[PDB]
Asks: 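Before we start, here is the structure in question, set down as C-alpha cells.
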2 protein chains.
Amino acid sequence: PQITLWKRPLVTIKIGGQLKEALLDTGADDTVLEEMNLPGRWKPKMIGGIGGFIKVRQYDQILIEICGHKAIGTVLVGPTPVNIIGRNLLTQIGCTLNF
Amino acid sequence: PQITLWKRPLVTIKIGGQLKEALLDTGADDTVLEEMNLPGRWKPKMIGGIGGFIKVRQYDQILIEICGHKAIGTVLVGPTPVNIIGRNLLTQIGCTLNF
Ligand SMILES: CCOP(=O)(COc1ccc(C[C@H](NC(=O)O[C@H]2CO[C@H]3OCC[C@H]32)[C@H](O)CN(C[C@@H](C)CC)S(=O)(=O)c2ccc3c(c2)OCO3)cc1)OCC
C-alpha cells in the first residue's frame, strides 16, 4: 500500500499475540514499544531523542506483523509515549520513501 | 526518488541560503533543526519527544529546499539531536511511504 503523511502513519501491528497501533517512523533507527511483559531474557539499554534519553529493555529476535507483513528483529520496551516501528523492521517489510 | 531504509534517510537541505543535512522523519509531526540563525520574526514554543520537552524558536513560512524540492512552512529551531524534516514539509514535497 501507499501511506500519505497528512496524518500520523499509524498502522496495526501484531506482537506476542497482541494487536497494537504503531507509528511507521523512518526517523527511528530502532523499534520502541510501549510497556509490555514480553517473556524471555533482555538487556538494558538507553535511547535518546528530543528531550533526552529513556531506559528501555532490549528483546531480540521478536516477531512482529505489520500490515500482514512479517518481520523479526530487536524490539525495545520501555516508557515510550507511542509504539514506534523503526528502520530495523521497516526494511524487512519493503518500506520505502518516495517523492 | 525512491529511498530505502537500510541506512538513515539523510538528505541535503537548503534553508536561509545555507546547506545542511537533515533526516526525513515520518514520525515527526513538525520540522526541527539544530541551533542556527534565521531572519524574520519568531515565537517561543515547546515540543515533546521521546525523552521530554525542549524549548524551540518557531519560524513560520520559511523557504526550505529538500533534495531539490521546494517547501514553504513552519520550521522549529532548538536543541534537537539532529535536523529532522517532519510531516508538515514531507507532505509539501509529495513524500509518501510505500511497501
Ligand atoms: C504524543 C506523546 O507525547 P509527546 O507529545 C510526542 O511523542 C512522540 C515521541 C517520539 C516520536 C518519534 C520521533 N519523533 C519526534 O521527535 O517528533 C517531534 C517533532 O515533531 C513532533 O512530532 C512528534 C513528536 C515531536 C522520531 O521520529 C524518532 N526519534 C529520533 C529522532 C529524534 C532523530 C534522532 S526517537 O523517538 O526519539 C528514537 C526512536 C528509536 C531509536 C532512537 C531514537 O535511538 C535509536 O533507536 C513521535 C511522537 O512528548 C511529550 C513527552
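Throughout, a chain's letter reflects where its sequence line sits, starting with A, and its residues are numbered from 1. Values reported hereafter were calculated over all heavy atoms of this structure, with side chains retained and with hydrogens, waters and symmetry mates removed. Indexing begins at 1, ligand by ligand and atom by atom, following the structure's order.
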Asks: Go through B:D60 and B:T74 one step at a time and tell me if the side chain to side chain donor-acceptor pair (under 3.5 Å) criterion holds.
Replies: CA-CA 4 Å; B:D60 291 324; B:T74 296; 3.0 Å; yes
Asks: Does only the side chain of A:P81 get under 4.0 Å from ligand 1, or the backbone, or both, or neither? Count heavy atoms.
Replies: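 Only the side chain of A:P81 comes within reach of ligand 1.
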Asks: At a 4.0 Å threshold, what atoms of ligand 1 neighbour a non-hydrogen atom of A:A28?
Replies: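 Taking each heavy atom of A:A28 in turn, ligand 1 has 39 (C), 40 (C) under 4.0 Å.
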Asks: Side chains of A:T96 and B:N98: do they bring a donor and an acceptor to under 3.5 Å?
Replies: no
Asks: Should we say atom NZ of B:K20 is surrounded by more than 12 heavy atoms from elsewhere, each under 6.0 Å from it?
Replies: yes
Asks: Nearest 0.5 Å please: distance from the CG atom of A:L97 over to the OG1 atom of B:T4.
Replies: 9.5 Å
Asks: Relative to the ring of B:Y59, is the ring of B:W42 parallel (under 30°), tilted (30 to 60°) or perpendicular (over 60°)?
Replies: tilted
Asks: Taking the side chain as every heavy atom from C-beta outward, state whether B:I85 and B:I64 have any pair of such atoms under 4.5 Å apart.
Replies: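 Side chain of B:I85 against side chain of B:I64, heavy atoms only: contact under 4.5 Å found.
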Asks: Can you pull out the closest protein heavy atom to atom 42 (C) of ligand 1? Residue, atom name and distance to 0.1 Å, please.
Replies: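 Residue, atom and distance for the closest contact: A:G48 O, 3.8 Å.
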Asks: Could you tell me whether B:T26 approaches ligand 1 through its side chain, its backbone, both or neither, with non-hydrogen atoms closer than 4.0 Å?
Replies: neither
Asks: Just going by heavy-atom distances, which of B:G86, A:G51, B:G49 is nearest to atom 51 (C) of ligand 1?
Replies: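 The option holding the nearest heavy atom is B:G49.
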Asks: With salt bridge (charged side-chain N to carboxylate O under 4.0 Å, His left out) as the criterion, how do B:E21 and B:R8 come out once you've worked through the C-alpha distance, each side chain's angles and the decisive distance to 0.1 Å?
Replies: CA-CA 11 Å; B:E21 185 157 86; B:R8 290 197 183 205; over 6 Å; no
Asks: For atom 44 (O) of ligand 1, which candidate among A:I47, A:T74, B:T80, A:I85 holds the nearest heavy atom?
Replies: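 Residue with the shortest heavy-atom distance to the ligand atom: A:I47.
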Asks: Any atoms of ligand 1 less than 4.0 Å from a non-hydrogen atom of A:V32? List them with their elements.
Replies: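 Going through ligand 1 atom by atom, the ones under 4.0 Å from A:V32 are 40 (C).
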Asks: Just to be sure I'm reading this right: ignoring hydrogens, which of B:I50, B:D29, B:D30 gets closest to atom 22 (O) of ligand 1? Compare them by their nearest heavy atoms.
Replies: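 Among B:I50, B:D29, B:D30, the closest heavy atom to atom 22 (O) of ligand 1 belongs to B:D29.
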Asks: Backbone or side chain, does any N or O of B:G27 fall under 3.5 Å from an N or O of ligand 1?
Replies: yes
Asks: When you look for heavy atoms under 4.0 Å from ligand 1, do you find them on the side chain of B:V82, its backbone, both, or neither?
Replies: side chain
Asks: Determine whether a donor-acceptor pair (N or O, by modelled atom type, separation under 3.5 Å) exists between the side chain of A:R57 and the backbone of A:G78.
Replies: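 No; judged by distance alone, with no hydrogens or angles, the pair does not exist.
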Asks: Output the list of atoms in ligand 1 that are nearer than 4.0 Å to some heavy atom of B:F53, sorted by atom number.
Replies: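 Reading through ligand 1 atom by atom, the close ones are 50 (C), 51 (C).
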Asks: Quick check: B:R8 and ligand 1, any N/O pair under 3.5 Å apart?
Replies: no
Asks: Consider only side-chain heavy atoms of I, L, V, M, F, W and Y, link residues closer than 4.5 Å, and tell whether B:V77 and B:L63 are in one cluster.
Replies: no
Asks: Please work out whether any backbone atom (N, CA, C, O) or any side-chain heavy atom from C-beta onward of B:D25 is under 4.0 Å from ligand 1, and answer side chain, backbone, both or neither.
Replies: side chain
